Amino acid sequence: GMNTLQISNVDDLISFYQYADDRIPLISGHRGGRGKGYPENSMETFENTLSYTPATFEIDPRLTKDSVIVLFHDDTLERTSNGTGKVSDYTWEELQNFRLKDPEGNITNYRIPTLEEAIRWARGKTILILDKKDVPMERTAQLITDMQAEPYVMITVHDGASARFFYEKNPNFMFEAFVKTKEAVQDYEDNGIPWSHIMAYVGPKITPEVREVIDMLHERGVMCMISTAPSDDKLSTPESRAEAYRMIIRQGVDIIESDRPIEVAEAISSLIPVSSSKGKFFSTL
């Protein structure tokens, strides 16, 4: 039994991400989310997270020796698998011999997944958000376009010029855009990226400056995301982490990206409104 998002096409995706004052706080699993028995960038972890909360998943596509795109964050295999060396030293088939490790170092029986497997699974359940490692931008553009996956596979962009590369190739793409400053807001505008095609990553922490950016972005219809992965996820107790996740929502932030999405869900459950224009986008499978 899983929580799902109900986004049938690009118009639904744009709507989902149009800021509204009655919006539902959103959760995104950093590198898929992780936990005891649940490695980063694993199909199993995505599925586990949806059993507790609706979420999107930010993932790490990178290349094997035979140019297969797999999900795996690091430049070396040791932290989140029982392998050694670079992902790009091994074919996909060879990579299947390794097993993923959870954050405690326990070796699971889960394998490195392909991006294709994740995309096929995500359709009708969630939205994936692609970070950039070593897959060429043109390849990423073509894979999403060829697969008609625009309604459920978003692209992370660090500035307006990268956004424009993608947007000019396919104007139905949706972006997670880095927007940490007033100058960043101007950058996207100068590059002609529609705000309707933007959800904004505003950084790892809230400051008065970042609050001003969030107000600017809300005026433009843009939802804003804090990533707690480097910051509040690292607090020593679940109780301190829970307080921190609630404080982020109380400050007006729309989306929390976290390595601990289930904890985020439990902490903010009491903040989820009963009535919302966004209620229609949520269901269960």
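When you see a residue number, it is the position in the sequence shown, counting from 1.
Higher mean Cα B-factor in the deposited model: 193 to 201 or 97 to 105?
Mean B over CA atoms: larger for 97 to 105.
If you average the Cα B factors in the entry, which is higher, 20 to 28 or 271 to 279?
Comparing 271 to 279 with 20 to 28, the higher average CA B-factor belongs to 271 to 279.
Maximum C-alpha temperature factor, selected from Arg139, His158, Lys86, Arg164
By C-alpha B-factor in the record, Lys86 ranks first.
Highest Cα temperature factor in the entry, among the options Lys234, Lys36, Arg260, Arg246: which one is it?
Going by the entry's C-alpha B-factors, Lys36 comes out highest.
Considering every modelled residue of the chain and its Cα B-factor in the PDB entry, is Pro208 in the lowest, middle or highest third?
Highest third.
Considering every modelled residue of the chain and its Cα B-factor in the PDB entry, is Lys65 in the lowest, middle or highest third?
Highest third, going by the recorded CA B-factors of the chain.
Lowest, middle or highest third: where is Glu40 by C-alpha B factor in its chain?
Middle third of the chain for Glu40's C-alpha B-factor.
Would you please rank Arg250 by its C-alpha temperature factor against the other modelled residues of its chain and give the third it falls in: lowest, middle or highest?
For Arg250, the deposited C-alpha B-factor lands in the highest third.
Please rank the C-alpha B-factors of the chain's modelled residues and tell me whether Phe173 sits in the lowest, middle or highest third.
It falls in the bottom third of the chain.
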